[PDB]
Structures are given as structure tokens and as C-alpha cells.
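> an experimental structure, sequence included, is below.
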Amino acid sequence: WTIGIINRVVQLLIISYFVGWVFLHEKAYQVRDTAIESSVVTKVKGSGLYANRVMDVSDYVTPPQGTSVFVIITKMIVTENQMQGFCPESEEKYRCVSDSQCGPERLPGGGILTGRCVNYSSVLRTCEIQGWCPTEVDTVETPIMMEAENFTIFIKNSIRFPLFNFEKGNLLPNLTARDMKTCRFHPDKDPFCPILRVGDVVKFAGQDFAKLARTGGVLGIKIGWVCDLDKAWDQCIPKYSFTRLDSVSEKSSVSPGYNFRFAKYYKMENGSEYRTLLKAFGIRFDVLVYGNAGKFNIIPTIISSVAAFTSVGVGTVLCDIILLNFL
Amino acid sequence: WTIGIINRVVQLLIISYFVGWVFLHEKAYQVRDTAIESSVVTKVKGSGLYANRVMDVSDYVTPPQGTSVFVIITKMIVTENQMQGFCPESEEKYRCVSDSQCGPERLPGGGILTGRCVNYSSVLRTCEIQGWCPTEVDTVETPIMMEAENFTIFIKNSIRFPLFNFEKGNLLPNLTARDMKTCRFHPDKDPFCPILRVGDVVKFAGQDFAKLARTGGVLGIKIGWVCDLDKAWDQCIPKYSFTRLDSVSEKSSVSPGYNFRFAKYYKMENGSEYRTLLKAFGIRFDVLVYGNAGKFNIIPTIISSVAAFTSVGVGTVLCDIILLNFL
Amino acid sequence: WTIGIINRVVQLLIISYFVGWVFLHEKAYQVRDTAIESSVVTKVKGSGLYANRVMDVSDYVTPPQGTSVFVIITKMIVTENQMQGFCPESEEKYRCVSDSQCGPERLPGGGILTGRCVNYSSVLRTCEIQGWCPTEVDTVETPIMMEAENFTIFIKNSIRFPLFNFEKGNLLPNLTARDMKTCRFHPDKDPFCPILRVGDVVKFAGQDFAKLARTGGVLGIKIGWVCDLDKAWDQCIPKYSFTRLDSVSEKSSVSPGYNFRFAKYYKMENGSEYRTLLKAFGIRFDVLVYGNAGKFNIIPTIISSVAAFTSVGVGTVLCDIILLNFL
Ligand SMILES: COc1cc(C(C)C)c(Oc2cnc(N)nc2N)cc1S(N)(=O)=O
Ligand SMILES: COc1cc(C(C)C)c(Oc2cnc(N)nc2N)cc1S(N)(=O)=O
Ligand SMILES: COc1cc(C(C)C)c(Oc2cnc(N)nc2N)cc1S(N)(=O)=O
Ligand SMILES: *[C@@H]1O[C@H](CO)[C@@H](O)[C@H](O)[C@H]1NC(C)=O
Ligand SMILES: *[C@@H]1O[C@H](CO)[C@@H](O)[C@H](O)[C@H]1NC(C)=O
Ligand SMILES: *[C@@H]1O[C@H](CO)[C@@H](O)[C@H](O)[C@H]1NC(C)=O
Ligand SMILES: *[C@@H]1O[C@H](CO)[C@@H](O)[C@H](O)[C@H]1NC(C)=O
Ligand SMILES: *[C@@H]1O[C@H](CO)[C@@H](O)[C@H](O)[C@H]1NC(C)=O
Ligand SMILES: *[C@@H]1O[C@H](CO)[C@@H](O)[C@H](O)[C@H]1NC(C)=O
Ligand SMILES: [Mg+2]
Ligand SMILES: [Mg+2]
Ligand SMILES: [Mg+2]
Ligand code: NA
């Protein structure tokens, strides 16, 4: 019967359409490159106020080179004019009653204990230590640079897909509403402006500057390079996203936030040495570049095609058995 | 007719050859690892002259650890002995006529404005600012360290393909014409010597040292690790390439080059604090490691094979219809 | 004969089992993501002794931010109070007999030669140089901070597979025997504790602290994220490994170990400038994050399936020919 080949042919057509849409969707005809070779250069603009002193970019940004990971310092704890000597440490966990409990077996990873149980103050007696005296007092409260909210991070980024040798940057003037310098990134109003506001990146991360600034944190400015290299070059476009990477699990057991120490090293006119020890809290920024590019290639196209052919060839036989048996 | 199976068999053979060469070419029988786990350690050698002072590696290289991204400083702008205070800023964009136009709404991302319109000089009246005084004057011209051309970057690089747990380095003495220390990288005369000359990397990048040095720039020393792990180990060889990553698009709207500030922090015998503010221009180097390794594996070999079988099985039927119909 | 379809059917079943186990093993039904987007933050705890001075984290860790690559300084060579001037260099390779052999053509990549052959000491006459005087003497022996063995590296790591948008961290309290702070990483007794002991990482690397400390070295703390995202989330677990990346090939020709210089910059009450030049040896740590995630996906499942179907369809025909011919 000719209805055998009309039923057949119709069968073939419908099944072929399903399969074809599925494969063409996922671009299974494409080899993919996922090893994006990115380079990132950043610049911070702004000046803040702290105590009775002004902080400029050289004061609160570290490292100064503009690497993919940098810190804006928002709050700091100063221990000025330390000198090598012996002094009672200030952290309660060094508490003692006798010099018997200041031996080497106590806090083995801690400081260098001299062995003397000495009176730090009238209310607390701690083991004495040799090292930078006086010891740090990391249990006070200090101001935070509010002006950090109005600082700007300018993110130059140049990427290359090496499989296809396709290199492009995120400085796209034909894709920004405003001139390069005047523009600021809004995920909707200007998604390709490379100048981000610190408070913005804080808010897209969905976190509060006051709290973050105080305790420190790690924000990720993610640069994504999903591209179809079958398509025109003007279509390989970077999409920015924002997240808080020091995300706070409910369990905790470790102090959240971000802080690190470093010293400004001075030497006396006398000759002896003395430093200013700084415990710094601020927002670390991690520009995380992702990308993946697809291109037509003879081998994945052939493999995808053969897969389609055979899959339909079986689909019509099983559809014939299900139809003929009618259940 | 036996000519049916001679025509058939010949058909089969030719088509099979085409397909086989295509698949064997792309090594479709291989699973590929593209997540190269690289570690890079660099060392700069050389000394330059600047003003009436000598710069050695500790003076002009930053950071000193030898990371994958480091800067050779070729020109710098010194603002010596800054102190916290009030002074007219020097940048014309702060110009004012009355203190009415030095309110907070002016240059909100700029410095900390005191509110006074003051006479910086007799020809320019700018808003006064609180901060490091005197302000910077970033519109002058200074010399550049020419000797930077004769500096050398020694690039130790150790990579590992984790899918295959295949780790190798780029220090290959059996692959260099000269002893390790005496050798210098030439893309032809010695493509595996890990000691590169700064001016060389500048020239392979195709850019002029004088200009670059003056304005700063970002060069990429790309280490490529394309390897067939089916093949012998002696064949996993690194290939170096060189490119300028701060490439200059015609549109511009942002100053090209590379510069960053940082301060040397001093404290008076009196007690007050004072810094030397340095605006640094130089060549940043970005060692960008790429690699991808192939290996035979049962699954991609089976999939590739099945693809070949079916593709020929259809190719001979369609060749039979085209031949039989003769058009 | 019904034995034709019993032999057939049995054939089909056995071959189908072989193929099915092979494909299901390699999870060929999965698309794989190998572009792990990781962020690493590290903290060092401990204090060491060096000469008659104490070193704390700000003194011996660099950079202080806690990046994926940081150095614990174990031994250092101090050249105190350098000043710009002219002096005979101390390295024997500058040896001369007359000022004729101190011209510009000698050691062109070396220092700035003045041109005078001068008597450094009574036993050695070297070319004079302009630069930081006195010159460095990098041929002496100094102590090493032994307490570095009892220091701890705490490795916070947050990863994201962007293809599947699957983000997880290595801080897993339900996976550690001990509270987060008290725990220490043992590859068996606690493989998910993020606090590693320096001497531990040295020993898992299989190297001796005394020797390493003295000469410097590069250790890699590898964080591996092999995960089946078909499987439950609690199964995406990080596995740590440890290796020495400045591995010593037998050929050598370059000094092993790890060292870098940097200067502490001071200025006189007089006004002139003078630095302390430090040649630092220590253990650099490279947290190298790898990961690869698999997930079921319609396209690789279809391709794998079709491959299986056709492979069995041919396997039974060739098994029929081998059986029928009986050899
Ligand atoms: C410091 O200079 C740079 C540096 C970079 C890299 C190194 C991040 C850069 O990346 C691009 C280069 N080319 C285009 N089309 N887009 C880019 N995003 C642009 C400049 S530039 N010319 O100053 O603005
Ligand atoms: C600082 O020391 C290093 C460091 C590295 C890594 C960390 C970059 C190194 O990488 C190799 C190690 N092994 C081989 N075969 N090739 C390499 N390229 C070699 C030395 S070394 N032994 O001083 O020259
Ligand atoms: C500095 O703070 C951080 C930072 C990070 C990243 C930036 C490395 C971090 O990574 C995780 C975040 N969330 C989970 N579940 N696991 C993690 N490993 C945890 C903390 S935290 N909350 O202080 O301990
Ligand atoms: C580390 O601390 C232990 C005490 O817990 C001590 O016995 C050991 O000697 C220390 N290691 C070094 C190298 O000092
Ligand atoms: C140098 O002088 C300071 C006080 O000005 C003193 O505390 C210190 O001990 C002196 N240095 C030496 C080595 O005596
Ligand atoms: C940022 O600048 C605007 C002026 O453009 C000002 O109104 C605002 O208060 C500033 N933000 C902070 C946190 O000071
Ligand atoms: C310290 O002395 C300098 C001049 O030598 C002076 O300008 C400065 O104001 C003094 N510091 C204080 C706190 O008075
Ligand atoms: C580099 O050294 C050579 C001598 O080997 C010298 O002729 C040349 O002038 C030097 N280059 C520069 C820029 O000084
Ligand atoms: C400053 O004084 C030191 C000695 O205290 C001297 O060596 C140096 O030359 C002086 N500086 C100048 C510029 O004379
Ligand atoms: Mg403390
Ligand atoms: Mg300025
Ligand atoms: Mg030397
Ligand atoms: Na197939």
C-alpha cells in the first residue's frame, strides 16, 4: 500500500525534525574551546577619609600593580613603634597563674614564649614573650573609610581562545551608551562599561557595604566570554556577574571577613629598628574570567550527523512496531 | 555481475580512505585534556641608569617574588616628601572661580575637597584639598632606563596535565644549542632556551622599546604546551610566542600605556609622617601558559570508528544511486 | 532452527553487556566541565627565631594578602645601609688586571661598570661599579628559621563549575573529625581539614625541611575537585595532593632553590637615601586548583548510545562469521 510509504515518510519527517532541533540546539556540530587565556589590568580611582588623615590609591590599594586580585583597605588597626623586646602578650589565651604553665608545650604554634608569667595589667596575667613589643591589641573598634563606596574599579580585560586563536577585549566603545570615562556599569543600562563603582559591585553581590567594610570580604567580579565563533565577531561579548566568595555558611567556627597584617619598617637615627604593625580589613576583588567558544568542525559535525541518522533509523522501526501492535 | 562487487569494492575502498585520513588527521580517537596546571617562576637580571642613580633588580622589579605577572619599571615620576595638609591641587580639572564651585557635588569621585578656591599659582586657581601635600604634577617629562633593553627574564615553567598525570618542565638541556646560562632565546636559533632578552620579547611582540618604555605596556610571553601523549615523552615540547596585550585600538578615549603609584613611607625624627609618592611606568610581563594533550582512549576511538563505518555505509548507497542514475 | 535465535540472542546479550559496562564506566553519557573557576585565600600562623630577633607573620610572609602563591621566608642575607656610590664589586667574575678589561663589552648584562680596576681586598682586584655600595656578598652562610616547621597554612578555597553553575567550598565541618581550628590535615586521619602544617606539606612533598629551608623551594598544594554532578552534592569533595615543583633534574647547570631580593628603604635625617638589601630564601607555596565535573546530557547520551547499538550490530555479524567458519 502507498499508505505504507506515506505513513513511513511522515514518520521519518516528524522524528527527523525532533532530532534535528535537539542537535542544532546544543550546537553538537561544534568543537569547543574552554581554555580561555585571559589577562586583566585594573585601576582604582578615589580618595577616602580615615581618622584625621586622607587615604589615596597608593595608601589603601594593595598590590599597586593592578592584578586580578587586589584589596581596597576600608578599616585598619595600627600598632605604632614596635621594637624587639620582652613583654606580656595581650591575648587572653596566653593567661597563666605560674611560670610552670608558660613552658614550650603551651600554644606550640603561637608566639615565642620566654617562660615568665608576668602581669600585663592588674586584671590579667599572661605569659611573657620575646618579639615585637608592645603586643597587638586586636579587640578594639575603629572607623571605616566610607568614601570607599564612591571609588571606581576600571577593568581592562583581554582574552584569547587559543584553539581558534581568537583574541578580543572588553573595551567596546560601540557597545556603551556613554564615552568610556564618563560611563559606569549598570547590568541593564550599560552592561559593557568597564568602569564599575565599588558600592555597585557590593550591591550586585547583594551585600551591605557598612557590614562588609567593617569585617572585610572577598567579592568576585566575574567576566564571562560565552561566544559562538560561527557567528560574527561583533557577537563575542563579555557578560559580567558579581558574587560574594567569602560566603558565610551557617556553621561558622571561623571568624568571617578578610584581614591581613603588614609592617611599615623604620630605623632610628640611633640605629635600632622599629616598625608600625598594621592589621588591615578591606574588600578583596577577584576578577574571575570564564569563557567558552564553539566552532563548526568536520569531525563533531560528522559524529553528530551519524548519531542522528542511526537514531531516526531505529526510531522508525520501533514506531512501526508500536503502531502495528497498536499499543 | 562481478563488476557489481568490483565497482562496489573499489567504491568502499576510496570512500574508506577519505574518511580514514580525515579522522586520523584530527586524532578523533583521542580524549583531550585542556586544563594545564602550570607553575611559573621568573628571574630578572640587569642594572639600569636613571637620573644620577643606579637601579638594580630590587629597585625596578615588582613584585620581587618572581610571579607570572611582574613589572620592569622603565620610567618614574617622583613626588618627594609629601605630608598631610591642605594645598591647591595641580590638575586643571579642579579649576574654580569661587568657593561656590568647590562643593561636594564637584568631582565626587575625585579627592577630598576642603571647599576653598585657592591660588595654586598666578595663572591657575584650583580647589584646595586635604591630603598629601604638595599635590602630584603628572604632566612633566622624565628619562627612561635604556639599560632595560639588555635585561634578561629567565622563565622556569613546570606544567602538569592532570587527566593523564603528565608533568614536564621547560628546562630542557638536550634541546638547547648552548649551556643553560649562556643561551638566549631566538625563535629559530634556540627556541627552547628559557632566558629571554627584554628587548627581544619587545621585538617579537613587534613593538619599539623607546616608545613602550616611555608609555608603559603589557607584554605576554605565551608558553604553549601542545602535546601528543600517544607519542614519546621527548615530544611534549613548549613553544613560546609573544604579543602586546595592551594593544591600541584606533578609537582610544583612554590613555594607553601602563602606570601605577606607590609610596615609600618615612617617619620623622620629630614623629610626624611623610612619604615619597612614585608614579611608575614600565613593561608588565604576563607569562600565559596554554597546553592541551591528546591520548588514545577506548571511548572516543569506538565513537569515531562507528561514525566512520556508518558514514561509509551511507556513502556507498548514495554513490550507487548517483552512479546508477548517472547524473 | 530456533538454535539460530538462541545462539543469536545469547551473542547479543553477552556483547551488549561488555559494551554497556565499558561505556557506563567512563560515563560517556556525560558532558564534562574542566574550567574550574577557583578562588583561594590563605593564612599563615606562627612565629620563628632568627639571629637574636623574632620573625612574625608580617616579617616572613610575602605577599601579605594571602594569594594562591606566597613565600614563607626561612633564611635571609642582609646587606645593611647601602648608599649610592662607587665601589669594587665582590663577585669574583668581575676580576681584572687592568682597566682595559673593565670596558663596556665585559659582562654587558651585569652591573654598571665605572671603568676602574680597583682593589676590593688584598687578594682580589675587581672592576669598580657605580650603584649601591657596598656590594653584596652572596657567598656566606646564615641560620634558618627552624620554627617554620610548626607554622600552619589555612587554605580557604571556593570553586565554581560555570557550565553547571555549581559552586562549593573546601570548608566542610561535617567532613572533619575535629573542630575547624583544632584540626590539622592528615591524608588519612583527616583529609578535609583545611589547616595544613608547613612541615607536613614538606613531608607529603617528600622533602627534607632542613635542606629545603636552607636552599629554598617551591611546593605545590594541589586542590583537586573531581566530581560527579549526577551524584548528590555531598559527593563533590576536594582531594589534596602535594608535590615539589622546583624538582631537581640530574643535569642541573642552574642553582636549585628559590631566592629573591628586595630592599627596605630608609632616608637620612640629613636627607640622603639608604636601603637595607635583603636576599631571601624560603618555601614558596603554589595552591594549584584542579577540577572536572560530569553531568548527564541528552547529546552525549544519544551519541554514546548510537555508538553502542552499531558496535553490537557489527559485533554479532562478525561473531556469526567467525563461528560459522569455526576458526
Ligand atoms: C593597560 O592598557 C590596556 C591593557 C589591556 C589588557 C592588558 C587588560 C587592554 O585590554 C584590551 C586591549 N584591546 C582591547 N580592544 N580591549 C581590551 N580590553 C587594554 C588596555 S588600554 N589600550 O590602555 O585601554
Ligand atoms: C625555582 O626552581 C625551579 C622552579 C621550577 C618551577 C617551580 C617553575 C622549575 O621548573 C622545572 C622543574 N623541572 C624541570 N625539568 N623543568 C622545569 N622547568 C625549575 C626550577 S630549577 N631546578 O631551579 O631550575
Ligand atoms: C576569607 O573568608 C573566606 C573566603 C573563602 C574563599 C574566598 C576562599 C571561603 O571559601 C568558602 C566559602 N564557603 C564555603 N562553604 N567554603 C569555602 N571554602 C571561606 C571564607 S570564611 N567564611 O571566612 O571561612
Ligand atoms: C613543634 O612543636 C612541638 C610541640 O607541640 C615541639 O615538640 C617541636 O619541637 C616543635 N618543632 C620544632 C621544629 O621546633
Ligand atoms: C637607640 O636609642 C633608643 C632611644 O632613643 C634606645 O631605646 C635604644 O636602645 C638605642 N639603641 C641601642 C642599640 O642602644
Ligand atoms: C558619593 O557621591 C555622591 C555625589 O555624587 C554623594 O551624594 C554621596 O554621598 C557619595 N557617597 C558617599 C558614601 O559619601
Ligand atoms: C615635626 O617637625 C616638622 C619640621 O621638622 C614640623 O613640620 C612638624 O609639624 C612637626 N610635627 C608636629 C606634630 O608638630
Ligand atoms: C647591550 O649590550 C651591548 C654589548 O653586548 C651593547 O653594545 C649595547 O649598546 C647594549 N644595549 C643598550 C641599549 O645599551
Ligand atoms: C648626609 O650625611 C651623611 C653622613 O651622616 C653623608 O655621608 C652624606 O653625604 C650627607 N648627604 C649629603 C647630600 O651631603
Ligand atoms: Mg594577636
Ligand atoms: Mg593627579
Ligand atoms: Mg651579587
Ligand atoms: Na556515533
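Thanks, I have the structure now. Numbers count the residues shown, from 1 in each chain, chains lettered A, B, ... in the order given. Ligands and ions are numbered 1, 2, ... in the order given.

> now the longest strand belonging to chain A, how far from the centre of its chain.
For chain A, the strand with the greatest residue count under DSSP state E is strand A:273-296. Taking the mean of its C-alpha atoms, strand A:273-296 sits 7 Å from the chain's own mean (CA atoms, centre = their mean, to the nearest Å).

> which residue ranges form the strands in the stretch 1-150 of chain A?
A:30-33, A:37-45, A:48-50, A:53-55, A:61-62, A:69-88, A:113-119, A:125-133 (DSSP state E, counting those that start in this stretch).

> typo on my end, it should be the stretch 201-327 of chain A
According to DSSP E, counting those that start in this stretch, the strands that the stretch 201-327 of chain A contains are A:217-228, A:239-244, A:259-267, A:273-296.

> and for residue A:270, the neighbour number?
When neighbours are defined as other CB atoms under 10 Å in any protein chain shown, residue A:270 has 8 of them. All C-beta spots, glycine's among them, are computed from the backbone N, C-alpha and C.

> and for the one 4 residues further on?
Taking other CB under 10 Å as the neighbour definition, residue A:274 ends up with a count of 18.

> doesn't residue A:83 make contact with it?
Yes - with contact defined as CB atoms under 8 Å, residue A:274 counts as touching residue A:83 (4.8 Å).

> overlap in contacts of the two?
Residues touching both residue A:274 and residue A:83 by CB atoms under 8 Å, 6 or more residues apart in numbering or on different chains: none at all.

> list the buried ones in stretch A:242-259?
A:242, A:243, A:244, A:245, A:246, A:254, A:257, A:258, A:259 (16 or more other CB atoms under 10 Å in any protein chain shown).

> which bits of the stretch 201-327 of chain A sit near ligand 13?
Contact residues (CB under 5 Å from the ion) of the stretch 201-327 of chain A with ligand 13: residue A:307.

> now the stretch 201-327 of chain A against ligand 2: closest residue?
Ligand 2 sits closest to residue A:289 of the stretch 201-327 of chain A, with a gap of 22.7 Å, by CB to the nearest ligand atom.

> and the stretch 1-150 of chain A, by the same measure?
For the stretch 1-150 of chain A, CB to the nearest ligand atom, closest residue to ligand 2: residue A:37, 18.4 Å.

> in this structure that residue contacts residue A:159, no?
Yes - between residue A:37 and residue A:159 a contact is recorded at 6.8 Å, counting by CB under 8 Å.

> thinking again about what came up before, so which of the strands of the stretch 201-327 of chain A gets nearest residue A:47?
Taking CB to CB, strand A:273-296 is the member of these nearest to residue A:47, at 15.1 Å.

> can you list the buried residues in that closest one?
By 16+ other CB under 10 Å, the buried positions in strand A:273-296 come out as A:273-295.

> same question for stretch A:40-56.
By neighbour count with 16+ other CB under 10 Å, stretch A:40-56 contains the buried residues A:40, A:41, A:42, A:43, A:44, A:46, A:47, A:48, A:50, A:54, A:55, A:56.

> of those residues, closest to residue C:221?
Of all the buried residues of stretch A:40-56, residue C:221 sits closest to residue A:40, with 23.7 Å by CB to CB.

> give the contact list for that closest one.
A:67, A:68, A:155, A:156, A:157, A:223, A:287, A:289.

> okay, now the residue nearest to it when sequence neighbours are not counted: neighbour count?
Leaving aside its sequence neighbours, residue A:40 sits nearest to residue A:68 (CB to CB, 6 or more residues apart in numbering or on different chains; 4.3 Å). Neighbour count for residue A:68, taken as other CB under 10 Å: 20.

> dump the C-alpha coordinates for stretch A:253-262 into CSV.
Taking Å, rounded to 0.1, in the frame of the first residue of the first chain, the C-alpha atoms of stretch A:253-262 are listed here in CSV:
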residue,chain,number,x,y,z
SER,A,253,33.6,28.1,63.7
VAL,A,254,35.9,30.6,62.0
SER,A,255,35.8,34.4,62.0
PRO,A,256,34.3,35.7,58.8
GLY,A,257,35.7,38.6,56.8
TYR,A,258,39.1,39.3,55.5
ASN,A,259,42.2,40.8,57.3
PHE,A,260,46.0,40.6,56.9
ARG,A,261,48.9,42.2,58.6
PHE,A,262,52.0,44.0,57.3
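
> does ligand 10 have contacts with that stretch?
No - residues of stretch A:253-262 contacting ligand 10 under CB under 5 Å from the ion: none, with a closest distance of 9.0 Å.

> for the residue in chain A that ligand 12 sits nearest to, what are its contacts?
Here chain A gets closest to ligand 12 at one residue, residue A:265, 22.8 Å apart by CB to the ion. Contacts for residue A:265 were tallied using CB under 8 Å, 6+ apart; they are A:273, A:275, C:264.

> one more time with 7 Å, if that's ok
A:275, C:264 (CB atoms under 7 Å, 6 or more residues apart in numbering or on different chains).

> same check, this time on the one 10 residues further on
Taking CB under 7 Å, 6+ apart, we find residue A:275 in contact with A:82, A:132, A:263, A:264, A:265, A:266.

> tell me which of these is nearest to ligand 6?
Nearest to ligand 6 among these is residue A:264, at 27.7 Å by CB to the nearest ligand atom.

> just give me the neighbour total for the closest one.
So residue A:264, with other CB under 10 Å, has 19 neighbours.

> from residue A:77, how far off is the residue nearest to it when sequence neighbours are not counted?
Leaving aside its chain neighbours, residue A:264 sits nearest to residue A:276 (4.4 Å; criterion: CB to CB, 6+ apart). Distance of residue A:276 to residue A:77, given as CB to CB, to the nearest Å: 11 Å.

> for the residue nearest to residue A:192 when sequence neighbours are not counted, give me phi and psi.
Nearest residue to residue A:192, sequence neighbours excluded (CB to CB, 6+ apart): residue A:175, at 4.1 Å. Dihedral angles of residue A:175 (phi, psi; degrees, to the nearest 10) stand at phi -110, psi 0.

> residue A:175 contacts residue A:193, correct?
No - counting by CB atoms under 7 Å, residue A:193 is not a contact partner of residue A:175; they are 8.7 Å apart.

> more crowded one of these two?
residue A:193 (23 against 14).

> tally of neighbours for the nearest residue to that one once chain neighbours are set aside?
Excluding the flanking residues, the one nearest residue A:193 by CB to CB, 6+ apart is residue A:183, at 3.9 Å. Under the neighbour criterion other CB under 10 Å, residue A:183 is assigned a count of 18.
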